[PDB]
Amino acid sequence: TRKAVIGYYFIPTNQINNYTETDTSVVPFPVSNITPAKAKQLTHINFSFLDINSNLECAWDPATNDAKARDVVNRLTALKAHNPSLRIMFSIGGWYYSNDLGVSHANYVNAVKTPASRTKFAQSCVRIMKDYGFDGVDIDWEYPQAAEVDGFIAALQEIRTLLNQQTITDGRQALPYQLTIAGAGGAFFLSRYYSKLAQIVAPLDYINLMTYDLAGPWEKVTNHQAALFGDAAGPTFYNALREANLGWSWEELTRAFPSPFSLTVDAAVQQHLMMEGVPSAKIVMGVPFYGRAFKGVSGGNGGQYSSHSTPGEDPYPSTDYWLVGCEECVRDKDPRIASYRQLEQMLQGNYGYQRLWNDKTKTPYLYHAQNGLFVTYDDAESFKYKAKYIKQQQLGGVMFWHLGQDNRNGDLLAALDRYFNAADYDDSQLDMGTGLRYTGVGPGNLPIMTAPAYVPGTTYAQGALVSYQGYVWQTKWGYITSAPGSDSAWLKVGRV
């Protein structure tokens, strides 16, 4: 089946109110930039972002000029005339609105609190969907805390029920209304709801892993923000998942969650696959269409893993725009982030940047020998490995943040589409390398092994293997006399 290619499309409320397709200084990336050729390369466009107001219902930002909004949305839905598989989803949330200290956080916690609030919220979701002409709902709450998870799950189940009803009522059997969420792409935020992943993913068509922002000025040493695989020379992190309320034994926790570990895209994907009831087909790998920059770094390894002097303070202090060549950074008042479009232009300039490649993480990075600058980002080359990985692991597809950051020729989007569907692209020889793989093993990814059937009344020594209840077991110590699942001395290590 075709791999999903989900592009978030974000347009600031101020750009909506001043929408125009003839002045890039007002609207850098209007919808017209999405030609029919590009509409065909996408399977989903996630319009971002809608919020949840005080009436605990899905709603546009109060400052939004509604007529301008519908006009922009209508331009997006008009693109469906060029691609019968394309869906224009709308995303509820985002960091600004939903983070713990976000301007609308309480509305999220309250919307999912009760059956009544959940029914009211779900109905507003479907209402907004049919009202503006969207094709599905994406929930991007960053992020629900463990105590709000059961409500979160129930809310998703309710939206699922209403959407399936709407699909029938609207004869959309060919292009069913969908439900997805942007999920965490790193163990720390993932730990908030990890124990209930199976319940969270059940009502979804896809869980879009935000497998980016895994590095940034908020960390001590520079690092790749979306390394596919790990580099032993880079920093490692505490595996927060081992502290999840899973109810697993020490032995199970340790094998599923090695710590410290390399915070990579492969780690996030494997961490989801380790849980039972989380199908590979629903996992979507997120990739960034932007890079993160660090200043005051040291050479030696191209700027990688160096200490730096980048204000991790969000609303970038000073008007000191140290990110040379990045005119966009000036426009947006922040030299710590730049779109691939801007980065490409900085590279072809003579701003003193050198593009290097890390063959372990399979990602590029820029090093400014002078000024001491380092930029972690992704490009068409890193997307080759990520696309091959998506195919090998049988993931549902790729997602990205965000469409408006691609270059004018739409090279990053074209590359993703090419790697998945071009008849003349052949990656059978692409070498995935020796970067560190996340080796955690859990209930959802037990390996096939083979073992004799456990014999009741028999005593086995330490290390013995046996089959029982459709699984293969190993003894954690010696002189065992009870049965698997009935004696803590046995560790389930394989299936069939």
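All residue numbers refer to positions in the sequence shown, first residue = 1.
- Stretches 478-486 and 21-29 differ in mean C-alpha B factor, with the higher average recorded for 478-486.
- For the pair 115-123 and 421-429, the mean Cα B-factor is higher in 115-123.
- As recorded in the entry, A461 carries the highest CA temperature factor of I34, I45, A59, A461.
- Annotation for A256, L395, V221, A184: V221 ranks highest, by Cα B-factor.
- Annotation for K130: CA B-factor lies in the middle third of the chain's modelled residues.
- In this PDB entry, the Cα temperature factor of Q41 sits in the bottom third of its chain's modelled residues, the lowest group.
- In the PDB entry, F261 places in the middle third of its chain by CA B-factor.
- Ranked by Cα temperature factor within the chain, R355 sits in the highest third according to the deposited record.
- Ranked by Cα temperature factor within the chain, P176 sits in the lowest third according to the deposited record.
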